[PDB]
């Protein structure tokens, strides 16, 4: 095909900047288009089978409902590895849910599915600041064949 056609709202192309393998799992640090950084955690088995290595090109795939949005950390530090700061670009409201797209510094867009109550409570609006919070274990990797 011309590309990979997958339902996930967020499919990023990038280059591995680091590969950190343990005996069970491996942490893959990816440098995205705009300069944004995204970490993924995959099994050791996958790191070997996909032939991962620093410097190789990969795709990182994150479904919309897996992305949490945060506006005020209030000093808290979280266990999720990926905290990407950006500005709200688009909100489309559904019945219970809504789709929010943030623009990150560098130009990458990330899409989150949250409740319409969350949009309301967070005060989201075009231009508002917010961070996308993604567990590295919720990032699926792809490698070209």
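Residue numbers count along the first chain shown, from 1.
**Q** What stretch has the higher average Cα B-factor here, 36-44 or 62-70?
**A** Result: 36-44.
**Q** Mean C-alpha B factor from the entry: is it higher for 26-34 or for 83-91?
**A** Looking at the recorded C-alpha B-factors, 26-34 comes out higher on average.
**Q** Going by the deposited entry, which of 9, 125, 135, 13 has the highest CA temperature factor?
**A** Highest C-alpha B-factor among the listed residues goes to 13.
**Q** Is the Cα B-factor recorded for residue 17 in the lowest, middle or highest third of its chain?
**A** According to the entry, residue 17 has a C-alpha B-factor in the chain's highest third.
**Q** Taking the chain's C-alpha temperature factors as the reference, tell me which third residue 115 falls into: lowest, middle or highest.
**A** Its C-alpha B-factor, which the entry lists for residue 115, ranks in the middle third among residues of this chain.
**Q** Lowest, middle or highest third: where is residue 78 by Cα B-factor in its chain?
**A** Middle third.
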